[PDB]
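In the UniProt record's numbering, the protein residues as written are 1408 to 1418, 1457 to 1721.
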Amino acid sequence: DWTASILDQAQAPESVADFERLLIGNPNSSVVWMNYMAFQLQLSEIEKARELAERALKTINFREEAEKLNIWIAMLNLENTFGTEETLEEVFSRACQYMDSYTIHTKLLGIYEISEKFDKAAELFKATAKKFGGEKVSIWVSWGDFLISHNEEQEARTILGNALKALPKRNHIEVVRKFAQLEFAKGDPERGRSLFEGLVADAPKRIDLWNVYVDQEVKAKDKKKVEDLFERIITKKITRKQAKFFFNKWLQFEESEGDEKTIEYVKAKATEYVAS
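This is how it looks when you write it as structure tokens:
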């Protein structure tokens, strides 16, 4: 189902008459327009499907942004699959003219990834970070994801250095965090640990970050690494609500583990803390 794919990136009529019939009552439904062009695509007139797209862009009410976004995305797919690099560059271009450019960029990236033109994706990743990287964090994250996914993990860290030069300082912690989470999930968790260690070396006091850190570890489930981390946390500068909070986590963890010496060891350590 062609249309459903587009609906995912966006984040029964058997005939022309059937379709045109729906469109009378439902002119604003990108879904109808896309099924309609998909219907044609399967019969291999892509020029007919190209026409529908333009008709949809014109008929769908200008106030319905998400509906029109869908049409543009369906066209990007059209041109990327059955078109040529010049048709695509045309749609691309109009699109960023008519819709939010960064959005359109992220979408074409997604498309290249699915079509497996990785050379084309890489290049646009660099082009998009040139353009929007001064201000959008997600491009930097999305690129490091790409790079990790394609097994250049050092390149990921190179472009992370790039993102920190590009980006204001209030975005620095964030994007590093998010890279750390990346490393844990698709990357080398050691590299993520290192990144976290940095964040928490600079800001010993942002306790939300120690949390994020341990969660990643409580999720990698290396018993030691988690426990040594809990060890360190309690020795930090902590509000009683924070303190009590970490122990339940610690307890909950050892539960999912089932080592009941430690399960006890936590309840003891808690009470020792509760004294002051």
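All C-beta atoms in this analysis are idealised placements derived from N, C-alpha and C, irrespective of residue type, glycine included.
As assigned by DSSP and simplified to three states, the class of residue i
i            : result
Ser1474      : coil
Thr1684      : coil
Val1719      : helix
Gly1703      : coil
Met1482      : helix
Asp1673      : helix
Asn1506      : coil
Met1544      : coil
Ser1460      : coil
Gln1697      : helix
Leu1488      : coil
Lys1666      : coil
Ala1417      : coil
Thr1551      : helix
residue 1438 : Since the chain is numbered 1418 and then 1457, with no step between, residue 1438 has no place in the structure shown.
Residue i, buried or exposed, once every other Cβ within 10 Å from all chains shown has been counted against 16
i            : result
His1550      : buried
residue 1379 : Because the chain is modelled from 1408 through 1721, residue 1379 falls outside the range shown and cannot be assessed.
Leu1627      : buried
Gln1418      : exposed
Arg1638      : buried
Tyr1543      : exposed
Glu1524      : buried
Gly1703      : exposed
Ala1462      : exposed
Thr1410      : buried
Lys1581      : buried
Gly1578      : buried
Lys1513      : buried
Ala1648      : exposed
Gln1697      : exposed
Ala1713      : exposed
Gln1599      : exposed
Backbone CA spacing between residue i and residue j [nearest angstrom]
i       : j       : result
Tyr1718 : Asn1596 : 45 Å
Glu1510 : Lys1706 : 58 Å
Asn1471 : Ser1560 : 31 Å
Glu1568 : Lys1562 : 10 Å
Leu1467 : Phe1507 : 19 Å
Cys1541 : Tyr1547 : 8 Å
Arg1602 : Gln1485 : 45 Å
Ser1475 : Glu1531 : 25 Å
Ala1646 : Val1586 : 22 Å
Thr1504 : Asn1473 : 7 Å
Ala1665 : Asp1590 : 18 Å
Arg1636 : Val1477 : 47 Å
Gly1528 : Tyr1557 : 14 Å
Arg1500 : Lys1576 : 31 Å
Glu1459 : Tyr1481 : 9 Å
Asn1693 : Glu1709 : 12 Å
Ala1688 : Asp1408 : 51 Å
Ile1683 : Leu1612 : 31 Å
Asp1564 : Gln1487 : 28 Å
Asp1653 : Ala1483 : 47 Å
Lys1668 : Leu1533 : 51 Å
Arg1677 : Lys1650 : 13 Å
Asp1415 : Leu1521 : 14 Å
CB-CB length for residue i against residue j, believed under 8 Å
i            : j       : result
residue 1439 : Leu1592 : A break in the chain separates 1418 from 1457, and the residue in question, residue 1439, sits inside that break with no coordinates.
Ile1584      : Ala1572 : Contact flag wrong, Cβ pair sits at about 10 Å.
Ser1594      : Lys1552 : Going by Cβ atoms, the distance from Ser1594 to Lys1552 rounds to 18 Å, so no, they are not a contact pair.
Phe1690      : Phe1675 : Contact flag wrong, Cβ pair sits at about 12 Å.
The ligand NAD heavy atom lying under 8 Å from the CB of residue i
i       : result
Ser1474 : In terms of ligand content, the structure shown is empty, and the ligand NAD therefore cannot be addressed.
Alpha helix (DSSP H) runs contained entirely in the UniProt repeat "HAT 3" (1632–1664), provided each spans 4 or more residues: 1634–1647
Starting from the N-terminal side, write out each stretch of the alpha helix (DSSP H) that is 4 residues or longer and does not extend beyond the stretch 1553–1626. 1563–1577, 1583–1594, 1598–1611
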